[PDB]
Every structure is written in C-alpha cells, then in structure tokens.
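Undergrad: The structure file entry31.cif (mmCIF, N, CA and C atoms) is provided below.
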```cif
data_run
loop_
_atom_site.group_PDB
_atom_site.id
_atom_site.type_symbol
_atom_site.label_atom_id
_atom_site.label_comp_id
_atom_site.auth_asym_id
_atom_site.auth_seq_id
_atom_site.Cartn_x
_atom_site.Cartn_y
_atom_site.Cartn_z
ATOM 1 N N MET A 1 -5.528 6.875 -1.250
ATOM 2 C CA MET A 1 -4.467 5.878 -1.330
ATOM 3 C C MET A 1 -4.937 4.643 -2.092
ATOM 4 N N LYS A 2 -4.005 3.981 -2.769
ATOM 5 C CA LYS A 2 -4.323 2.785 -3.539
ATOM 6 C C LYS A 2 -3.669 1.552 -2.924
ATOM 7 N N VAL A 3 -4.413 0.451 -2.880
ATOM 8 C CA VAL A 3 -3.902 -0.794 -2.319
ATOM 9 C C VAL A 3 -4.171 -1.968 -3.254
ATOM 10 N N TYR A 4 -3.251 -2.927 -3.270
ATOM 11 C CA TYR A 4 -3.386 -4.102 -4.122
ATOM 12 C C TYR A 4 -3.260 -5.384 -3.305
ATOM 13 N N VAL A 5 -4.392 -6.035 -3.058
ATOM 14 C CA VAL A 5 -4.410 -7.274 -2.290
ATOM 15 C C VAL A 5 -4.834 -8.453 -3.159
ATOM 16 N N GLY A 6 -3.861 -9.266 -3.561
ATOM 17 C CA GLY A 6 -4.154 -10.419 -4.391
ATOM 18 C C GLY A 6 -3.739 -11.722 -3.740
ATOM 19 N N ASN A 7 -3.479 -12.736 -4.560
ATOM 20 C CA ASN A 7 -3.072 -14.043 -4.057
ATOM 21 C C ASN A 7 -4.185 -14.675 -3.226
ATOM 22 N N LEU A 8 -5.311 -14.955 -3.871
ATOM 23 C CA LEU A 8 -6.451 -15.563 -3.193
ATOM 24 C C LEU A 8 -6.621 -17.019 -3.612
ATOM 25 N N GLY A 9 -5.857 -17.905 -2.979
ATOM 26 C CA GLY A 9 -5.940 -19.318 -3.298
ATOM 27 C C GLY A 9 -5.652 -20.201 -2.100
ATOM 28 N N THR A 10 -6.362 -19.957 -1.003
ATOM 29 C CA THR A 10 -6.176 -20.735 0.216
ATOM 30 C C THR A 10 -7.178 -20.322 1.289
ATOM 31 N N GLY A 11 -8.396 -20.004 0.864
ATOM 32 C CA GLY A 11 -9.426 -19.598 1.801
ATOM 33 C C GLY A 11 -9.280 -18.152 2.234
ATOM 34 N N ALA A 12 -8.604 -17.357 1.412
ATOM 35 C CA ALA A 12 -8.394 -15.946 1.714
ATOM 36 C C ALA A 12 -8.789 -15.066 0.533
ATOM 37 N N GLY A 13 -9.937 -14.405 0.651
ATOM 38 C CA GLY A 13 -10.407 -13.540 -0.415
ATOM 39 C C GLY A 13 -10.904 -12.203 0.098
ATOM 40 N N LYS A 14 -12.132 -11.849 -0.267
ATOM 41 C CA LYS A 14 -12.723 -10.588 0.161
ATOM 42 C C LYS A 14 -12.896 -10.554 1.675
ATOM 43 N N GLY A 15 -13.465 -11.621 2.227
ATOM 44 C CA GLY A 15 -13.676 -11.694 3.661
ATOM 45 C C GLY A 15 -12.378 -11.619 4.442
ATOM 46 N N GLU A 16 -11.360 -12.327 3.963
ATOM 47 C CA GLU A 16 -10.062 -12.340 4.625
ATOM 48 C C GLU A 16 -9.434 -10.949 4.619
ATOM 49 N N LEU A 17 -9.260 -10.390 3.427
ATOM 50 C CA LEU A 17 -8.670 -9.064 3.281
ATOM 51 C C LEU A 17 -9.520 -8.010 3.984
ATOM 52 N N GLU A 18 -10.827 -8.248 4.032
ATOM 53 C CA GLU A 18 -11.749 -7.319 4.676
ATOM 54 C C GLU A 18 -11.505 -7.266 6.180
ATOM 55 N N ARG A 19 -11.438 -8.437 6.805
ATOM 56 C CA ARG A 19 -11.210 -8.525 8.242
ATOM 57 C C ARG A 19 -9.848 -7.949 8.613
ATOM 58 N N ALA A 20 -8.835 -8.274 7.816
ATOM 59 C CA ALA A 20 -7.483 -7.787 8.059
ATOM 60 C C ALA A 20 -7.424 -6.266 7.972
ATOM 61 N N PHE A 21 -7.723 -5.733 6.792
ATOM 62 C CA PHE A 21 -7.701 -4.291 6.577
ATOM 63 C C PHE A 21 -8.516 -3.570 7.646
ATOM 64 N N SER A 22 -9.719 -4.072 7.905
ATOM 65 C CA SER A 22 -10.599 -3.474 8.901
ATOM 66 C C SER A 22 -9.972 -3.539 10.290
ATOM 67 N N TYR A 23 -9.385 -4.686 10.614
ATOM 68 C CA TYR A 23 -8.750 -4.879 11.912
ATOM 69 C C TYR A 23 -7.669 -3.830 12.151
ATOM 70 N N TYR A 24 -6.893 -3.543 11.113
ATOM 71 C CA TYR A 24 -5.821 -2.560 11.209
ATOM 72 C C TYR A 24 -6.385 -1.144 11.275
ATOM 73 N N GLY A 25 -7.450 -0.902 10.517
ATOM 74 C CA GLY A 25 -8.068 0.410 10.504
ATOM 75 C C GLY A 25 -9.133 0.539 9.433
ATOM 76 N N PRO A 26 -10.018 1.536 9.589
ATOM 77 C CA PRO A 26 -11.105 1.785 8.639
ATOM 78 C C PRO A 26 -10.596 2.314 7.302
ATOM 79 N N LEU A 27 -10.752 1.511 6.255
ATOM 80 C CA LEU A 27 -10.308 1.898 4.921
ATOM 81 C C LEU A 27 -11.385 2.707 4.203
ATOM 82 N N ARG A 28 -11.138 3.015 2.934
ATOM 83 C CA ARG A 28 -12.086 3.783 2.136
ATOM 84 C C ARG A 28 -13.103 2.864 1.466
ATOM 85 N N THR A 29 -12.608 1.812 0.821
ATOM 86 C CA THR A 29 -13.472 0.858 0.138
ATOM 87 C C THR A 29 -12.695 -0.383 -0.285
ATOM 88 N N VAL A 30 -13.402 -1.501 -0.420
ATOM 89 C CA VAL A 30 -12.778 -2.756 -0.820
ATOM 90 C C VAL A 30 -13.416 -3.305 -2.091
ATOM 91 N N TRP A 31 -12.600 -3.925 -2.936
ATOM 92 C CA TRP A 31 -13.086 -4.496 -4.188
ATOM 93 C C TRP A 31 -12.282 -5.734 -4.569
ATOM 94 N N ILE A 32 -12.903 -6.624 -5.335
ATOM 95 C CA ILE A 32 -12.244 -7.850 -5.770
ATOM 96 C C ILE A 32 -12.222 -7.952 -7.291
ATOM 97 N N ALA A 33 -11.203 -8.621 -7.818
ATOM 98 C CA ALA A 33 -11.067 -8.795 -9.259
ATOM 99 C C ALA A 33 -11.373 -10.231 -9.670
ATOM 100 N N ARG A 34 -12.545 -10.435 -10.262
ATOM 101 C CA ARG A 34 -12.958 -11.762 -10.702
ATOM 102 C C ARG A 34 -12.207 -12.176 -11.964
ATOM 103 N N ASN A 35 -11.767 -11.187 -12.735
ATOM 104 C CA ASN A 35 -11.036 -11.448 -13.970
ATOM 105 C C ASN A 35 -9.890 -12.425 -13.727
ATOM 106 N N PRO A 36 -8.941 -12.022 -12.867
ATOM 107 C CA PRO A 36 -7.779 -12.849 -12.529
ATOM 108 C C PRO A 36 -8.155 -14.068 -11.695
ATOM 109 N N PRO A 37 -7.203 -15.000 -11.543
ATOM 110 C CA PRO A 37 -7.412 -16.227 -10.768
ATOM 111 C C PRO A 37 -7.523 -15.955 -9.272
ATOM 112 N N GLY A 38 -6.897 -14.873 -8.823
ATOM 113 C CA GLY A 38 -6.937 -14.521 -7.416
ATOM 114 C C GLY A 38 -6.285 -13.184 -7.132
ATOM 115 N N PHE A 39 -6.982 -12.103 -7.467
ATOM 116 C CA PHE A 39 -6.462 -10.758 -7.247
ATOM 117 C C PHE A 39 -7.574 -9.809 -6.811
ATOM 118 N N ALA A 40 -7.271 -8.964 -5.831
ATOM 119 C CA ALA A 40 -8.243 -8.004 -5.322
ATOM 120 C C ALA A 40 -7.601 -6.640 -5.096
ATOM 121 N N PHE A 41 -8.422 -5.595 -5.110
ATOM 122 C CA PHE A 41 -7.934 -4.236 -4.908
ATOM 123 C C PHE A 41 -8.651 -3.569 -3.739
ATOM 124 N N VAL A 42 -7.926 -2.728 -3.009
ATOM 125 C CA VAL A 42 -8.491 -2.024 -1.864
ATOM 126 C C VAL A 42 -8.063 -0.562 -1.852
ATOM 127 N N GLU A 43 -8.948 0.305 -1.369
ATOM 128 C CA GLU A 43 -8.661 1.733 -1.303
ATOM 129 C C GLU A 43 -8.630 2.215 0.145
ATOM 130 N N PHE A 44 -7.511 2.813 0.540
ATOM 131 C CA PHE A 44 -7.351 3.318 1.898
ATOM 132 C C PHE A 44 -7.477 4.838 1.932
ATOM 133 N N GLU A 45 -8.458 5.329 2.682
ATOM 134 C CA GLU A 45 -8.686 6.765 2.797
ATOM 135 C C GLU A 45 -7.399 7.491 3.182
ATOM 136 N N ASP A 46 -6.563 6.822 3.967
ATOM 137 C CA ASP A 46 -5.299 7.402 4.407
ATOM 138 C C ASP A 46 -4.137 6.460 4.110
ATOM 139 N N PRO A 47 -2.951 7.039 3.866
ATOM 140 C CA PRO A 47 -1.741 6.269 3.565
ATOM 141 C C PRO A 47 -1.226 5.500 4.776
ATOM 142 N N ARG A 48 -1.229 6.153 5.932
ATOM 143 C CA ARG A 48 -0.762 5.529 7.165
ATOM 144 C C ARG A 48 -1.413 4.165 7.363
ATOM 145 N N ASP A 49 -2.733 4.117 7.217
ATOM 146 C CA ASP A 49 -3.476 2.873 7.379
ATOM 147 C C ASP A 49 -3.011 1.826 6.373
ATOM 148 N N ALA A 50 -2.668 2.279 5.171
ATOM 149 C CA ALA A 50 -2.205 1.382 4.120
ATOM 150 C C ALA A 50 -0.804 0.860 4.420
ATOM 151 N N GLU A 51 0.062 1.748 4.900
ATOM 152 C CA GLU A 51 1.434 1.376 5.225
ATOM 153 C C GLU A 51 1.464 0.317 6.325
ATOM 154 N N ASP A 52 0.688 0.545 7.378
ATOM 155 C CA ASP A 52 0.625 -0.388 8.498
ATOM 156 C C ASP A 52 -0.055 -1.689 8.082
ATOM 157 N N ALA A 53 -1.147 -1.568 7.334
ATOM 158 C CA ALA A 53 -1.888 -2.734 6.870
ATOM 159 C C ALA A 53 -1.037 -3.592 5.941
ATOM 160 N N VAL A 54 -0.554 -2.987 4.860
ATOM 161 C CA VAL A 54 0.275 -3.697 3.893
ATOM 162 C C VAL A 54 1.487 -4.330 4.567
ATOM 163 N N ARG A 55 2.243 -3.515 5.297
ATOM 164 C CA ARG A 55 3.431 -3.995 5.993
ATOM 165 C C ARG A 55 3.080 -5.137 6.943
ATOM 166 N N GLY A 56 1.932 -5.020 7.602
ATOM 167 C CA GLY A 56 1.502 -6.049 8.532
ATOM 168 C C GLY A 56 1.086 -7.326 7.831
ATOM 169 N N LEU A 57 0.028 -7.244 7.033
ATOM 170 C CA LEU A 57 -0.473 -8.404 6.304
ATOM 171 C C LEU A 57 0.640 -9.057 5.488
ATOM 172 N N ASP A 58 1.294 -8.262 4.649
ATOM 173 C CA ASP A 58 2.381 -8.761 3.814
ATOM 174 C C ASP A 58 3.558 -9.217 4.671
ATOM 175 N N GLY A 59 3.811 -8.490 5.755
ATOM 176 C CA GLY A 59 4.908 -8.834 6.640
ATOM 177 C C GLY A 59 4.624 -10.076 7.461
ATOM 178 N N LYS A 60 3.354 -10.460 7.530
ATOM 179 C CA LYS A 60 2.950 -11.638 8.288
ATOM 180 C C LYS A 60 1.533 -12.064 7.918
ATOM 181 N N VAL A 61 1.384 -13.325 7.522
ATOM 182 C CA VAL A 61 0.080 -13.858 7.143
ATOM 183 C C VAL A 61 -0.982 -13.493 8.173
ATOM 184 N N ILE A 62 -2.246 -13.609 7.777
ATOM 185 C CA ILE A 62 -3.356 -13.293 8.667
ATOM 186 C C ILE A 62 -4.267 -14.503 8.861
ATOM 187 N N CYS A 63 -4.319 -15.005 10.090
ATOM 188 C CA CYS A 63 -5.151 -16.159 10.408
ATOM 189 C C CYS A 63 -4.898 -17.299 9.427
ATOM 190 N N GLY A 64 -3.629 -17.516 9.092
ATOM 191 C CA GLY A 64 -3.277 -18.574 8.164
ATOM 192 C C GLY A 64 -3.579 -18.207 6.725
ATOM 193 N N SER A 65 -3.487 -16.920 6.412
ATOM 194 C CA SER A 65 -3.757 -16.438 5.063
ATOM 195 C C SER A 65 -2.594 -15.601 4.541
ATOM 196 N N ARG A 66 -1.713 -16.236 3.773
ATOM 197 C CA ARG A 66 -0.556 -15.550 3.212
ATOM 198 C C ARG A 66 -0.952 -14.726 1.990
ATOM 199 N N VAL A 67 -1.802 -13.727 2.207
ATOM 200 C CA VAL A 67 -2.260 -12.864 1.124
ATOM 201 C C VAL A 67 -1.128 -11.980 0.612
ATOM 202 N N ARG A 68 -1.280 -11.485 -0.613
ATOM 203 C CA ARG A 68 -0.271 -10.626 -1.220
ATOM 204 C C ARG A 68 -0.754 -9.180 -1.283
ATOM 205 N N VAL A 69 -0.201 -8.338 -0.415
ATOM 206 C CA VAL A 69 -0.574 -6.929 -0.373
ATOM 207 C C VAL A 69 0.543 -6.048 -0.920
ATOM 208 N N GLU A 70 0.162 -5.009 -1.656
ATOM 209 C CA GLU A 70 1.133 -4.089 -2.238
ATOM 210 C C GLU A 70 0.583 -2.666 -2.268
ATOM 211 N N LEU A 71 1.470 -1.700 -2.484
ATOM 212 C CA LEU A 71 1.075 -0.297 -2.537
ATOM 213 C C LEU A 71 1.285 0.275 -3.935
ATOM 214 N N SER A 72 0.211 0.796 -4.521
ATOM 215 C CA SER A 72 0.276 1.374 -5.859
ATOM 216 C C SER A 72 0.982 2.726 -5.832
ATOM 217 N N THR A 73 0.711 3.509 -4.793
ATOM 218 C CA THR A 73 1.318 4.826 -4.647
ATOM 219 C C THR A 73 1.500 5.189 -3.178
ATOM 220 N N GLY A 74 2.616 5.841 -2.869
ATOM 221 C CA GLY A 74 2.890 6.235 -1.499
ATOM 222 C C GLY A 74 3.785 5.247 -0.778
ATOM 223 N N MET A 75 4.567 4.493 -1.544
ATOM 224 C CA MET A 75 5.473 3.504 -0.971
ATOM 225 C C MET A 75 6.875 3.647 -1.555
ATOM 226 N N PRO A 76 7.684 4.527 -0.945
ATOM 227 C CA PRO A 76 9.059 4.776 -1.388
ATOM 228 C C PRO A 76 9.980 3.591 -1.118
ATOM 229 N N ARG A 77 10.560 3.044 -2.181
ATOM 230 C CA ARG A 77 11.462 1.905 -2.057
ATOM 231 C C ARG A 77 12.827 2.224 -2.660
ATOM 232 N N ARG A 78 13.814 1.391 -2.350
ATOM 233 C CA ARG A 78 15.166 1.586 -2.859
ATOM 234 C C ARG A 78 15.370 0.826 -4.166
ATOM 235 N N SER A 79 14.402 -0.016 -4.512
ATOM 236 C CA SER A 79 14.477 -0.806 -5.735
ATOM 237 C C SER A 79 14.378 0.090 -6.966
ATOM 238 N N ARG A 80 14.260 -0.533 -8.135
ATOM 239 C CA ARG A 80 14.158 0.207 -9.388
ATOM 240 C C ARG A 80 12.730 0.692 -9.617
ATOM 241 N N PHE A 81 12.162 1.343 -8.607
ATOM 242 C CA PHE A 81 10.801 1.858 -8.699
ATOM 243 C C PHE A 81 10.705 2.960 -9.749
ATOM 244 N N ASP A 82 9.833 2.760 -10.731
ATOM 245 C CA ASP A 82 9.645 3.737 -11.797
ATOM 246 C C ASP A 82 8.565 4.749 -11.423
ATOM 247 N N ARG A 83 7.461 4.253 -10.873
ATOM 248 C CA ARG A 83 6.355 5.112 -10.472
ATOM 249 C C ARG A 83 6.724 5.938 -9.244
ATOM 250 N N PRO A 84 6.567 7.265 -9.354
ATOM 251 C CA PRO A 84 6.879 8.193 -8.261
ATOM 252 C C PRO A 84 5.896 8.073 -7.101
ATOM 253 N N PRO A 85 6.388 7.574 -5.957
ATOM 254 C CA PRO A 85 5.569 7.398 -4.754
ATOM 255 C C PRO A 85 5.180 8.729 -4.120
ATOM 256 N N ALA A 86 4.060 8.731 -3.402
ATOM 257 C CA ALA A 86 3.579 9.938 -2.742
ATOM 258 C C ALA A 86 3.962 9.946 -1.265
ATOM 259 N N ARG A 87 5.151 10.463 -0.969
ATOM 260 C CA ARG A 87 5.635 10.527 0.404
ATOM 261 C C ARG A 87 5.350 11.896 1.017
ATOM 262 N N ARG A 88 5.818 12.945 0.351
ATOM 263 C CA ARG A 88 5.614 14.307 0.831
ATOM 264 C C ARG A 88 5.453 15.276 -0.336
ATOM 265 N N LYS A 89 5.470 16.570 -0.031
ATOM 266 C CA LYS A 89 5.328 17.599 -1.053
ATOM 267 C C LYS A 89 6.692 18.090 -1.527
ATOM 268 N N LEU A 90 7.349 18.891 -0.697
ATOM 269 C CA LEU A 90 8.664 19.427 -1.031
ATOM 270 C C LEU A 90 8.605 20.257 -2.309
ATOM 271 N N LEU A 91 8.517 21.573 -2.149
ATOM 272 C CA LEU A 91 8.456 22.479 -3.291
ATOM 273 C C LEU A 91 8.713 23.920 -2.858
ATOM 274 N N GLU A 92 8.166 24.292 -1.705
ATOM 275 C CA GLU A 92 8.338 25.640 -1.178
ATOM 276 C C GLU A 92 9.750 25.835 -0.630
ATOM 277 N N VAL A 93 10.292 24.784 -0.025
ATOM 278 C CA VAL A 93 11.635 24.839 0.542
ATOM 279 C C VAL A 93 12.645 24.154 -0.373
ATOM 280 N N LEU A 94 13.890 24.615 -0.319
ATOM 281 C CA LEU A 94 14.952 24.046 -1.142
ATOM 282 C C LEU A 94 16.325 24.397 -0.577
ATOM 283 N N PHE A 95 17.225 23.419 -0.576
ATOM 284 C CA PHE A 95 18.575 23.623 -0.064
ATOM 285 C C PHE A 95 19.559 22.662 -0.725
ATOM 286 N N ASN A 96 20.551 23.220 -1.412
ATOM 287 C CA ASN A 96 21.557 22.413 -2.092
ATOM 288 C C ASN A 96 22.959 22.950 -1.820
ATOM 289 N N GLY A 97 23.122 23.617 -0.682
ATOM 290 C CA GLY A 97 24.415 24.170 -0.325
ATOM 291 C C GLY A 97 24.741 25.431 -1.101
ATOM 292 N N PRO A 98 24.022 26.521 -0.795
ATOM 293 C CA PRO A 98 24.222 27.813 -1.459
ATOM 294 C C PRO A 98 25.549 28.461 -1.082
ATOM 295 N N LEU A 99 26.137 27.998 0.016
ATOM 296 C CA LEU A 99 27.411 28.533 0.485
ATOM 297 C C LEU A 99 28.559 28.068 -0.407
ATOM 298 N N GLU A 100 29.402 29.010 -0.815
ATOM 299 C CA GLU A 100 30.541 28.696 -1.670
ATOM 300 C C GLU A 100 31.766 28.338 -0.834
ATOM 301 N N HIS A 101 31.566 28.210 0.474
ATOM 302 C CA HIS A 101 32.655 27.870 1.384
ATOM 303 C C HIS A 101 33.717 28.965 1.392
#
```
Will you turn the file into structure tokens for me?

TA:
Amino acid sequence: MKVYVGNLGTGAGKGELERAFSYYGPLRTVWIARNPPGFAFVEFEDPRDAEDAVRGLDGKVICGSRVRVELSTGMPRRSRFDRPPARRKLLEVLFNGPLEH
C-alpha cells in the first residue's frame, strides 16, 4: 500500500507521522521528502492500516498536528478520480442480468 503524509509546518514531521501511523498500527516503512517544503511518504504493509490511519489522522489532527494524509492507491472515491484504486479483484464472477425477463 502507498501513503502520502505531507504538510509539515507546525512541529509535525517524521516523528509526528511516525507516532501516529505506529499508534494506529505497524506500517511497512516511513520516509520523508526533503525536496518539498513539507511533504513525506509512508508505506503500509496492509491497506486496512492505511485506511484507518489516513482516515484518522486526516479526519482529526494528532496531538495538535494537522498533518495531510492521502492514499495513492486503494482509496475508492466518488470524485473525478482518474487513478484506479485497489479495492478488490472481481474477474472470476460476473452478473449483468442474463435473464431476458
């Protein structure tokens, strides 16, 4: 799973995102982007952990840290999402109303 944790301009960076992500669950790995003014990336071994983490952190600041968390893949939205999210498989089964009534 891919995670995007940016918005580091208020005492919230690697340590902040680290404690948060870790608090929610054991991720795969954490990384920070020095290039940008305040952007970091995180990898979640599992999607569930990312969904709960992102939704939580993004849904509510952490210890006074309004960090910006997002999902690169595996986050189905109703918006004009171009990138195909990884929700399920769906390929072996199919149903579109074979009955002609």

Undergrad: Could you check which of A:91, A:65, A:99, A:85 is closest to residue 19 of chain A, using only C-alpha atoms?

TA: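 Closest to residue 19 of chain A of all the choices is A:65.
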
Undergrad: Go through A:1, A:75, A:8, A:94 and flag the residue nearest residue 37 of chain A, using only C-alpha atoms for the distances.

TA: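 When distances to residue 37 of chain A are compared using only C-alpha atoms, the smallest one comes from A:8.
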
Undergrad: List, as a compact mmCIF listing (two decimals) with N, CA and C atoms, in the frame of the given file, every residue that the PyMOL selection byres ((chain A and resi 66) around 8) selects in the file provided.

TA:
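And here's result_19.txt as it stands now:
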```txt
# COMPACT_ATOMS: atom_id res chain seq x y z
N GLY A 6 -3.86 -9.27 -3.56
CA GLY A 6 -4.15 -10.42 -4.39
C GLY A 6 -3.74 -11.72 -3.74
N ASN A 7 -3.48 -12.74 -4.56
CA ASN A 7 -3.07 -14.04 -4.06
C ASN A 7 -4.18 -14.68 -3.23
N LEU A 8 -5.31 -14.96 -3.87
CA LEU A 8 -6.45 -15.56 -3.19
C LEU A 8 -6.62 -17.02 -3.61
N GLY A 9 -5.86 -17.90 -2.98
CA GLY A 9 -5.94 -19.32 -3.30
C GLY A 9 -5.65 -20.20 -2.10
N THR A 10 -6.36 -19.96 -1.00
CA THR A 10 -6.18 -20.74 0.22
C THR A 10 -7.18 -20.32 1.29
N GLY A 11 -8.40 -20.00 0.86
CA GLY A 11 -9.43 -19.60 1.80
C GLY A 11 -9.28 -18.15 2.23
N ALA A 12 -8.60 -17.36 1.41
CA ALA A 12 -8.39 -15.95 1.71
C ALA A 12 -8.79 -15.07 0.53
N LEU A 57 0.03 -7.24 7.03
CA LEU A 57 -0.47 -8.40 6.30
C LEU A 57 0.64 -9.06 5.49
N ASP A 58 1.29 -8.26 4.65
CA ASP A 58 2.38 -8.76 3.81
C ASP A 58 3.56 -9.22 4.67
N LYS A 60 3.35 -10.46 7.53
CA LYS A 60 2.95 -11.64 8.29
C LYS A 60 1.53 -12.06 7.92
N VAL A 61 1.38 -13.32 7.52
CA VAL A 61 0.08 -13.86 7.14
C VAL A 61 -0.98 -13.49 8.17
N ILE A 62 -2.25 -13.61 7.78
CA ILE A 62 -3.36 -13.29 8.67
C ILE A 62 -4.27 -14.50 8.86
N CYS A 63 -4.32 -15.00 10.09
CA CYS A 63 -5.15 -16.16 10.41
C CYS A 63 -4.90 -17.30 9.43
N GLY A 64 -3.63 -17.52 9.09
CA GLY A 64 -3.28 -18.57 8.16
C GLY A 64 -3.58 -18.21 6.72
N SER A 65 -3.49 -16.92 6.41
CA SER A 65 -3.76 -16.44 5.06
C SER A 65 -2.59 -15.60 4.54
N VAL A 67 -1.80 -13.73 2.21
CA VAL A 67 -2.26 -12.86 1.12
C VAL A 67 -1.13 -11.98 0.61
N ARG A 68 -1.28 -11.48 -0.61
CA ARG A 68 -0.27 -10.63 -1.22
C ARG A 68 -0.75 -9.18 -1.28
N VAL A 69 -0.20 -8.34 -0.42
CA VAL A 69 -0.57 -6.93 -0.37
C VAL A 69 0.54 -6.05 -0.92
```

Undergrad: Give, as lines of an AutoDock Vina configuration file, the centre coordinates and the x, y and z edge lengths in Å to one decimal for an axis-aligned box around all listed atoms of segment 4-13 of chain A, padded by 8 Å on each side.

TA:
```
center_x = -7.0
center_y = -11.8
center_z = -1.2
size_x = 23.8
size_y = 33.8
size_z = 22.8
```

Undergrad: Report as a PyMOL selection string the full result of the PyMOL selection byres ((chain A and resi 45) around 6) when it is applied to this structure.

TA: chain A and resi 1+26-29+43-44+46-47

Undergrad: Output N, CA and C atoms for every residue in that selection, as a PDB file, in the coordinates of the input.

TA:
```
ATOM      1  N   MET A   1      -5.528   6.875  -1.250  1.00  0.00           N
ATOM      2  CA  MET A   1      -4.467   5.878  -1.330  1.00  0.00           C
ATOM      3  C   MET A   1      -4.937   4.643  -2.092  1.00  0.00           C
ATOM      4  N   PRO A  26     -10.018   1.536   9.589  1.00  0.00           N
ATOM      5  CA  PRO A  26     -11.105   1.785   8.639  1.00  0.00           C
ATOM      6  C   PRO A  26     -10.596   2.314   7.302  1.00  0.00           C
ATOM      7  N   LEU A  27     -10.752   1.511   6.255  1.00  0.00           N
ATOM      8  CA  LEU A  27     -10.308   1.898   4.921  1.00  0.00           C
ATOM      9  C   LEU A  27     -11.385   2.707   4.203  1.00  0.00           C
ATOM     10  N   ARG A  28     -11.138   3.015   2.934  1.00  0.00           N
ATOM     11  CA  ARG A  28     -12.086   3.783   2.136  1.00  0.00           C
ATOM     12  C   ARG A  28     -13.103   2.864   1.466  1.00  0.00           C
ATOM     13  N   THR A  29     -12.608   1.812   0.821  1.00  0.00           N
ATOM     14  CA  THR A  29     -13.472   0.858   0.138  1.00  0.00           C
ATOM     15  C   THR A  29     -12.695  -0.383  -0.285  1.00  0.00           C
ATOM     16  N   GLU A  43      -8.948   0.305  -1.369  1.00  0.00           N
ATOM     17  CA  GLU A  43      -8.661   1.733  -1.303  1.00  0.00           C
ATOM     18  C   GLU A  43      -8.630   2.215   0.145  1.00  0.00           C
ATOM     19  N   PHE A  44      -7.511   2.813   0.540  1.00  0.00           N
ATOM     20  CA  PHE A  44      -7.351   3.318   1.898  1.00  0.00           C
ATOM     21  C   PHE A  44      -7.477   4.838   1.932  1.00  0.00           C
ATOM     22  N   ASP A  46      -6.563   6.822   3.967  1.00  0.00           N
ATOM     23  CA  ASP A  46      -5.299   7.402   4.407  1.00  0.00           C
ATOM     24  C   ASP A  46      -4.137   6.460   4.110  1.00  0.00           C
ATOM     25  N   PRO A  47      -2.951   7.039   3.866  1.00  0.00           N
ATOM     26  CA  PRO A  47      -1.741   6.269   3.565  1.00  0.00           C
ATOM     27  C   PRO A  47      -1.226   5.500   4.776  1.00  0.00           C
TER      28      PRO A  47
END
```

Undergrad: Do you have the atom CA of residue 40 of chain A-atom CA of residue 16 of chain A distance handy?

TA: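 Computed distance, atom CA of residue 40 of chain A to atom CA of residue 16 of chain A, equals 11.0 Å.
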
Undergrad: Of the candidates A:54, A:20, A:3, A:71, which shows the shortest atom-to-atom distance to residue 42 of chain A, using all atoms listed in the file?

TA: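 Of all the options, A:3 lies closest to residue 42 of chain A.
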
Undergrad: Would you compute the distance between atom CA of residue 36 of chain A and atom N of residue 2 of chain A? Give it in Å to one decimal.

TA: 19.8 Å

Undergrad: Using the chain letters and numbers from the file, give me the residues hit by the PyMOL selection byres ((chain A and resi 32) around 8), as a list in words.

TA: residues 5, 13, 14, 30, 31, 33, 34, 35, 36, 38, 39, 40, 41 and 42 of chain A

Undergrad: Figure out the distance between atom C of residue 55 of chain A and atom C of residue 90 of chain A, please, to one decimal in Å.

TA: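 Those two atoms sit 27.6 Å apart.
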
Undergrad: With DSSP run on the backbone, what are the alpha helix (DSSP H) residues within chain A? I'd like them as a list in words.

TA: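 Alpha helix (DSSP H) assignments inside chain A correspond to residues 14, 15, 16, 17, 18, 19, 20, 21, 22, 23, 24, 47, 48, 49, 50, 51, 52, 53, 54, 55, 56, 57, 58 and 59 of chain A.
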
Undergrad: Please determine, counting all atoms listed in the file, which residue among A:72, A:96, A:25, A:4 has the shortest atom-to-atom distance to residue 84 of chain A.

TA: A:72

Undergrad: Please extract the residues of chain A with a backbone DSSP assignment of strand (DSSP E) and present them as a ChimeraX atom specification.

TA: /A:2-6,29-33,39-43,68-71

Undergrad: Would you mind putting back N, CA, C and O atoms on segment 80-87 of chain A, then writing it out as an mmCIF file, keeping the file's coordinate frame?

TA:
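Just written: result_1.cif:
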```cif
data_model
loop_
_atom_site.group_PDB
_atom_site.id
_atom_site.type_symbol
_atom_site.label_atom_id
_atom_site.label_comp_id
_atom_site.auth_asym_id
_atom_site.auth_seq_id
_atom_site.Cartn_x
_atom_site.Cartn_y
_atom_site.Cartn_z
ATOM 1 N N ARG A 80 14.260 -0.533 -8.135
ATOM 2 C CA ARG A 80 14.158 0.207 -9.388
ATOM 3 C C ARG A 80 12.730 0.692 -9.617
ATOM 4 O O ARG A 80 12.156 0.480 -10.686
ATOM 5 N N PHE A 81 12.162 1.343 -8.607
ATOM 6 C CA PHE A 81 10.801 1.858 -8.699
ATOM 7 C C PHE A 81 10.705 2.960 -9.749
ATOM 8 O O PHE A 81 11.407 3.969 -9.671
ATOM 9 N N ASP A 82 9.833 2.760 -10.731
ATOM 10 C CA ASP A 82 9.645 3.737 -11.797
ATOM 11 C C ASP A 82 8.565 4.749 -11.423
ATOM 12 O O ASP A 82 8.729 5.952 -11.629
ATOM 13 N N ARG A 83 7.461 4.253 -10.873
ATOM 14 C CA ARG A 83 6.355 5.112 -10.472
ATOM 15 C C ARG A 83 6.724 5.938 -9.244
ATOM 16 O O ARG A 83 7.144 5.410 -8.213
ATOM 17 N N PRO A 84 6.567 7.265 -9.354
ATOM 18 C CA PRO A 84 6.879 8.193 -8.261
ATOM 19 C C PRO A 84 5.896 8.073 -7.101
ATOM 20 O O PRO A 84 4.720 8.418 -7.215
ATOM 21 N N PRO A 85 6.388 7.574 -5.957
ATOM 22 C CA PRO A 85 5.569 7.398 -4.754
ATOM 23 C C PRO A 85 5.180 8.729 -4.120
ATOM 24 O O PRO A 85 5.877 9.730 -4.277
ATOM 25 N N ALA A 86 4.060 8.731 -3.402
ATOM 26 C CA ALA A 86 3.579 9.938 -2.742
ATOM 27 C C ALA A 86 3.962 9.946 -1.265
ATOM 28 O O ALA A 86 3.197 9.494 -0.413
ATOM 29 N N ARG A 87 5.151 10.463 -0.969
ATOM 30 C CA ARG A 87 5.635 10.527 0.404
ATOM 31 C C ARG A 87 5.350 11.896 1.017
ATOM 32 O O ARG A 87 4.721 11.995 2.071
#
```
